[PDB]
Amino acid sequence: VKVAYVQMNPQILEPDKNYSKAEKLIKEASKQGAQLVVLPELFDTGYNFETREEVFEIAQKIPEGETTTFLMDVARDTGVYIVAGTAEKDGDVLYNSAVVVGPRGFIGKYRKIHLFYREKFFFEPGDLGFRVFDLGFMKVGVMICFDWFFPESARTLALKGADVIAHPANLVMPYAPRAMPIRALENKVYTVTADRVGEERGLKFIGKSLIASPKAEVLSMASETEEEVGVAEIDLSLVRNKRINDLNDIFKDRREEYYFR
């Protein structure tokens, strides 16, 4: 299996422009043999809003709306599964979500559980929990951006059977790229952090999209500033066997009775 990130530079409040850029890059990930392609957080809308009104205006329902139906169309055409960050309109409320689509259609969604900084003024805290989606050939867990900061995000997805954690991000702190391989190691999963690049109303994002292995190896890493795709080969038996030596299994050894109490 090959997995891929798409590191792009979303244009704030311009979904058509972002649909165009994303298709172009998903097509190149597909040309490169990717079977699963991960896009950044909020790829359709951009990130740095001044008011909720400008995002609410453009934000789409899932699965009914344009971004899901767009991504279905690209999945169908390219034969890839896609995890993508999107602003989700749900009645009068907005979430910071990721959609999972396949060539056969919509698979499901995740709503960001740990909101970061000014996201608290715009978005409602995610309310679907940490979900894992079975694509047949692999189980894919989804978390978004600041979810990386809490070890419980990746751990919950790993317990739930994720082979790979798809991680749409709009990273601003320098830490996540160094921390991601530790997340991968401690759960014995692959992690695919699709970061954005660019500068948006004074806010500069760090890029450095990366794929990490269960041995904390960095299989692919992106620049700080360029749009690009990164594809890495993954070993599905290297993750599904939680043995770390012949006497320890990382899930058998956890002792939940002593945690957080």
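Throughout, we count residues from 1 along the sequence that is shown.
The mean C-alpha temperature factor is higher for 202-210 when 202-210 and 39-47 are set side by side. When the mean C-alpha temperature factors of 111-119 and 169-177 are read from the deposited coordinates, 169-177 comes out higher.
In the PDB entry, residue 92 places in the highest third of its chain by CA B-factor.
Among all modelled residues in its chain, residue 73 ranks in the middle third by Cα B-factor. Looking at the C-alpha B-factors along this chain, the one for residue 105 belongs to the highest third.
Ranked by Cα temperature factor within the chain, residue 221 sits in the highest third according to the deposited record. Ranked by Cα temperature factor within the chain, residue 60 sits in the middle third according to the deposited record.
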